[PDB]
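S.K.: quick one: experimental structure and sequence below.
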Amino acid sequence: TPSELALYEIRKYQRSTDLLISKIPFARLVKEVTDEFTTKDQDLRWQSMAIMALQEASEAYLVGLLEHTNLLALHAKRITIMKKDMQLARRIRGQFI
DNA sequence: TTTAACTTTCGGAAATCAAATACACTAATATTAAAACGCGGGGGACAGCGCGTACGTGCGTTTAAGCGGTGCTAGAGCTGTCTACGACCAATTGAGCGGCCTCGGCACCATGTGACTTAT
């Protein structure tokens, strides 16, 4: 059952209490973002714990925006989200757009 | 062995008491700018639909993610020690606007001497 399996999947990671992005990717991503933001001479270290908190804030915001963008698609009487759709959802939420 | 709560005080705060404005509202008033009744309307937003479509839906072979050792070192956090730097006091100013004065210049009465005159 495609719908049954995928909806069950929503519910199980919906009630899962934990972060879910790939980790070594996320860590190297923040590392290179700091490296490019930082310059020639001053370089910055990262422990486990900062990377932690960064991750949780990113997860929480993107999931919140995710229900909102899903909802703007629902308001379009559809179930795909698009560029314009979410672009807007976020931008209506205001920050960073 | 180090983070508290006894205390032992005290001198600015936070009450009080008071009257000095002064402002809010509770309110007459004719006007009069906008309200709100009242019928079409365009216009549009939704019913219904074909078929193109686009993101899932479904398999194969990859790829990275995740461990799992292997350092090693860059800072963490901590400096034990010397000031500097700023928080206080005050003096060390000052300028601005009232205060006295004090300049000189008027109007007015005093004082002496040169005529002259006269009775010495």
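M.R.: Looks like it arrived, so ask away. Numbers count the residues shown, from 1 in each chain, chains lettered A, B, ... in the order given.
S.K.: which SS state does residue A:46 fall under?
M.R.: coil (DSSP: H, G, I helix; E, B strand; the rest coil).
S.K.: what about the residue minimising distance to the centre of chain A, distance to residue A:44?
M.R.: Among the residues of chain A, the one closest to the centroid is residue A:62, at 3.3 Å (C-alpha atoms, centre = their mean). As judged by C-beta to C-beta, to the nearest Å, residue A:62 and residue A:44 stand 24 Å apart. C-beta here means a position set from N, CA and C on the backbone, and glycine is covered the same way.
S.K.: cool, and residue A:74?
M.R.: 42 Å.
S.K.: ditto for residue A:80
M.R.: 40 Å.
S.K.: where do the strands sit along chain A?
M.R.: Counting by DSSP state E, chain A has no strands to list.
S.K.: what residues does it have near DNA strand B?
M.R.: Within chain A, the residues that sit near DNA strand B (C-beta under 7 Å from any atom of the strand) are A:2-3, A:6, A:22-25, A:43-45, A:80, A:82.
S.K.: most neighbours among those residues, which one?
M.R.: Counting neighbours by other C-beta atoms under 10 Å, the top entry in those is residue A:82, with 13 neighbours.
S.K.: residue contacts, that residue?
M.R.: Residues counted as contacts of residue A:82 (C-beta atoms under 8 Å, 6 or more residues apart in numbering) are residue A:73.
S.K.: now with 10 Å?
M.R.: Taking C-beta atoms under 10 Å, 6 or more residues apart in numbering, we find residue A:82 in contact with A:69, A:72-73, A:76, A:88.
S.K.: how about residue A:66?
M.R.: Here residue A:66 is in contact with A:81, A:86, A:89 (C-beta under 10 Å, 6+ apart).
S.K.: which one among the residues you listed gets closest to DNA strand B?
M.R.: residue A:81 (8.5 Å; C-beta to the nearest atom of the strand).
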